[PDB]
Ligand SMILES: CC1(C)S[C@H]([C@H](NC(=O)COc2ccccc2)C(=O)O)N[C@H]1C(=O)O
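So this first bit is one chain, no partners, the form solved without the ligand, shown in structure tokens.
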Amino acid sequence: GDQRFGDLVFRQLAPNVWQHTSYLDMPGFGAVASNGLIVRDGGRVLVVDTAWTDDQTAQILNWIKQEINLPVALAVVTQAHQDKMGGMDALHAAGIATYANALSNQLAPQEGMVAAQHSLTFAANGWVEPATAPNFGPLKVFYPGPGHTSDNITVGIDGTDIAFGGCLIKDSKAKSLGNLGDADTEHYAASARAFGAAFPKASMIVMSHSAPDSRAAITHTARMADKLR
């Protein structure tokens, strides 16, 4: 059963992994879910993505103390948008080390976001430069190329069958891709596929704006993006 905490909802996905869900009632469309991850690794917790706001991200941190009771070593934030980086201030106040794509960190100011404290960079093949992600333990970071945004990154969880597509991958039942101005409609499909190819054993795909899916989300996402070529 999903567990409630204030305005947030947590679902356990593995022994060592949870999905956090927070919501924003942006007028025009109603109530809007966003999902990130919490990972326990030995005696520390790692957070992927904040909630919509500082308050809500506070809530997350409180729930972590209450339910897991281990210190939050680092967060990785996956896109320069409110639903992934809206609670950076809360992470910083609590002494959590924050990491994001250098491009994400560059776009943040103009987006009204607070930059992560550290910047990640990527090799030509999409894998994060080891030196920029020290002591990430089970978190495997991959840049698949431009997709929903120029900056979207993805995360796999070694030891588990889970991979995080962030805002790149949409549910396998999506009727539209919901690409906006900042979407790269030329490379989207190949970027979706590259993520699939990077995490080839992952059976459960977690995503920002939908409940976790099978590998069908990847191939449906790719097919929807081909149509925009």
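In case it trips you up, residue 1 is the first one in the sequence shown, and so on.
Keep in mind the form deposited with the ligand bound is missing from the figure; the text below concerns it.
Item to check | Partner-proximal stretch of 151-159, 75-83, 130-138, 96-104 relative to the ligand in the deposited bound form, 4.5 angstroms, heavy atom | outcome: This holds for exactly one stretch, 75-83.
Next on the checklist: I'd like to check something about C167: if you look in the deposited bound form, is any of its heavy atoms closer than or equal to 4.5 Å to a heavy atom of the ligand?
Outcome noted: Taking the distances in the deposited bound form, the answer for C167 is yes, it comes within 4.5 Å of the ligand.
Next on the checklist: Check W52 for me: does it contact the ligand in the deposited bound form (non-hydrogen atoms, 4.5 angstroms)?
Outcome noted: Taking the distances in the deposited bound form, the answer for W52 is yes, it comes within 4.5 Å of the ligand.
Checklist entry - Even though the ligand is not shown here, does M26 get within 4.5 Å of it in the deposited bound form, heavy atoms only? => result Residue-level check for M26: yes, a contact with the ligand.
Checklist entry - Is the gap between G178 and the ligand in the deposited bound form 4.5 Å or less for some heavy atom pair? => result Residue-level check for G178: yes, a contact with the ligand.
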